[PDB]
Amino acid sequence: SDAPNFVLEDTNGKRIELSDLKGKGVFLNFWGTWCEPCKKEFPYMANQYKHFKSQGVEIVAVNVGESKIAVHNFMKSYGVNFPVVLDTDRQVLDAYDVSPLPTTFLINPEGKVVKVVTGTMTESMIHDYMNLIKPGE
């Protein structure tokens, strides 16, 4: 199924449209600072991103309704080095019908969702998930 398109601003105020990432694999992660597991998983995602960014995998971590400052503080505290967007009114979350947080939609270069992941992700799992959606090499 096609991943619902959306437009949100990243933490730097830059406009990000999902459809603009076609051709690349997208690790679409919905999260909140109240998700303790993200304190563990974000560093893992950042560590793997050091490798997969140059493999054509992009991460779009959609924060669910929190302020720019609260998000920026969490990014600084937990070593984020990947794109984070602000779903200020939770409309994108609702569009994806996401309930458990965090939830990750693995989107292939075609823009189709190939897997939906929820629950604890080890760094090994995150590594394998990024390998699943990478466009080449």
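Residue numbers here begin at 1 and follow the sequence given.
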Checklist entry - Looking only at CA atoms, which has the higher mean B factor in the entry: 63 to 71 or 28 to 36? => result 63 to 71
Checklist entry - Which has higher Cα B-factors on average according to the PDB entry: 44 to 52 or 94 to 102? => result 94 to 102
Item to check | Within-chain third of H127 by Cα B-factor, per the entry | outcome: lowest
Item to check | Among modelled residues of the same chain, the CA temperature factor third for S77 | outcome: highest
